[PDB]
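What follows is a set of notes on a single structure, which appears directly below.
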Amino acid sequence: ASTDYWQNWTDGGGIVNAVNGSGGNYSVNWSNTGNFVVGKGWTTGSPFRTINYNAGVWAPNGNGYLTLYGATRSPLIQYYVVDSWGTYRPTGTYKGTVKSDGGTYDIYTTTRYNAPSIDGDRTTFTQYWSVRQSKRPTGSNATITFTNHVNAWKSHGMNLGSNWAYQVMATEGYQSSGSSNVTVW
C-alpha cells in the first residue's frame, strides 16, 4: 500500500536535478528547461485511489505544474489533476467543471501526436485535464479524490481505458526554472 514508482524524464533541455528521496518523498530543482516530468506514485493506477500529498516546497519560476499525472493504454490517454502552477494555468478545450477536495476544477481536453510519418501521417494521444480554478494552498496534507474526476470526465465523454499504466503526483515544467518538494502516499 506504498508508493512504488518513480518517474524522472526530461527532453534534455537545461537542468533537471531530481532526487528520488526515501519513501514517498522527492524533490526537483530545475533551470532553463525544455519539458520535464518528475513524480512519485504507483506502477498501476486505479480509478479508486485517493492520492495524498504534502508539498513542502512549491516554487515554480515560470511555467510548472503540481499535478496528478497518469495514463491508460490502448490507445494511450494521459490525464491530469492540476492543483497548482506557476505563471501559466493550463487550459484546453473546455468541457465543464467538477468540485473535489475543497476545490473547483475546470475540465479540458488536449491532444498530442506521435512523430508524423514520412508522409505526414499522425497518430494522436489525448489528454484529460482537471485544473483547479485557483492555486491550491501547499504545505499541509492534501487529497485528490481521483474517483470524482474519473466520474466527471465520464459524464463529459472522457472515458479512460481499462488498461492502467503509471499514476504519479508530479512536478512538470516547460521552458522554466523552479523547485519543488513533495511527499506522496
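Naming scheme: A, B, ... for chains in displayed order of the C-alpha cells; residues 1 onward per chain; ligands 1 onward as shown.
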Open item on the list: Among range 58-134 of chain A, which ones does DSSP assign to strand (DSSP E or B) (computed from the backbone)? Answer as a PyMOL selection string.
Closed with: chain A and resi 58-61+64-72+77-85+93-100+103-113+124-132
Closest atom pairs, range 102-185 of chain A residues within 6 Å of range 70-88 of chain A, only C-alpha atoms, as CSV:
residue,atom,partner,partner_atom,distance
A:125,CA,A:77,CA,5.7
A:126,CA,A:77,CA,5.2
A:127,CA,A:78,CA,4.6
A:128,CA,A:79,CA,4.5
A:129,CA,A:80,CA,4.8
A:130,CA,A:81,CA,4.7
A:131,CA,A:82,CA,4.7
A:132,CA,A:83,CA,5.4
A:135,CA,A:84,CA,4.6
A:136,CA,A:83,CA,5.4
A:161,CA,A:72,CA,5.2
A:163,CA,A:73,CA,5.2
A:164,CA,A:72,CA,4.5
A:165,CA,A:72,CA,5.3
A:166,CA,A:70,CA,5.4
A:167,CA,A:70,CA,4.1
Keeping only C-alpha atoms, write those residues as an mmCIF file, in the first residue's frame.
data_model
loop_
_atom_site.group_PDB
_atom_site.id
_atom_site.type_symbol
_atom_site.label_atom_id
_atom_site.label_comp_id
_atom_site.auth_asym_id
_atom_site.auth_seq_id
_atom_site.Cartn_x
_atom_site.Cartn_y
_atom_site.Cartn_z
ATOM 1 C CA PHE A 125 -2.867 10.633 -27.883
ATOM 2 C CA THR A 126 -5.379 12.648 -25.895
ATOM 3 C CA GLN A 127 -5.056 14.329 -22.505
ATOM 4 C CA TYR A 128 -7.879 14.657 -19.954
ATOM 5 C CA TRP A 129 -7.485 17.602 -17.549
ATOM 6 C CA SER A 130 -8.996 18.840 -14.349
ATOM 7 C CA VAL A 131 -7.395 22.181 -13.496
ATOM 8 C CA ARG A 132 -8.120 23.955 -10.231
ATOM 9 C CA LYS A 135 -3.985 27.587 -6.939
ATOM 10 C CA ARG A 136 -4.393 25.173 -4.053
ATOM 11 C CA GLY A 161 -9.011 2.756 -20.761
ATOM 12 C CA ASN A 163 -5.662 -0.766 -19.091
ATOM 13 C CA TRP A 164 -3.973 1.236 -16.292
ATOM 14 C CA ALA A 165 -0.338 2.437 -16.531
ATOM 15 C CA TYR A 166 1.623 4.729 -14.176
ATOM 16 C CA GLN A 167 -0.052 7.175 -11.783
#
- [ ] Can you check which residues of range 10-172 of chain A DSSP gives as helix (DSSP H, G or I) on the backbone and send them as a list in words?
- [x]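 For range 10-172 of chain A, the helix (DSSP H, G or I) set is residues 146, 147, 148, 149, 150, 151, 152, 153, 154 and 155 of chain A.
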For the residues in that selection, give me C-alpha atoms as a PDB file, in the first residue's frame.
ATOM      1  CA  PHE A 146      -9.384  10.804  -8.198  1.00  0.00           C
ATOM      2  CA  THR A 147     -12.712   8.961  -8.497  1.00  0.00           C
ATOM      3  CA  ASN A 148     -14.542  12.280  -8.510  1.00  0.00           C
ATOM      4  CA  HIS A 149     -12.528  13.355 -11.586  1.00  0.00           C
ATOM      5  CA  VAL A 150     -12.910   9.979 -13.276  1.00  0.00           C
ATOM      6  CA  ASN A 151     -16.662  10.261 -12.830  1.00  0.00           C
ATOM      7  CA  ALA A 152     -16.933  13.863 -14.026  1.00  0.00           C
ATOM      8  CA  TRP A 153     -14.773  13.037 -17.042  1.00  0.00           C
ATOM      9  CA  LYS A 154     -17.052  10.113 -17.905  1.00  0.00           C
ATOM     10  CA  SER A 155     -20.042  12.459 -17.786  1.00  0.00           C
TER      11      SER A 155
END
Task: For residue 138 in chain A, the nearest of the candidates A:19, A:1, A:118, A:59, counting only C-alpha atoms - done: A:59
- [ ] In Å, rounded to a single decimal, give me how far CA of residue 46 in chain A is from CA of residue 96 in chain A.
- [x]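 Separating CA of residue 96 in chain A from CA of residue 46 in chain A is a distance of 23.0 Å.
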Open item on the list: Give me the residues near range 34-42 of chain A as a VMD selection string, where near means some atom within 8 Å (using only C-alpha atoms) and where sequence neighbours in that chain fewer than 3 positions away do not count.
Closed with: chain A and resid 3 to 14 16 18 24 to 26 28 45 166 to 176 184 to 185
Open item on the list: Quick check, in Å to one decimal: how far apart do CA of residue 109 in chain A and CA of residue 55 in chain A lie?
Closed with: 26.1 Å
- [ ] For CA of residue 43 in chain A and CA of residue 68 in chain A, determine how far apart the two atoms are, in Å to one decimal place.
- [x]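 Between CA of residue 43 in chain A and CA of residue 68 in chain A the gap is 13.7 Å.
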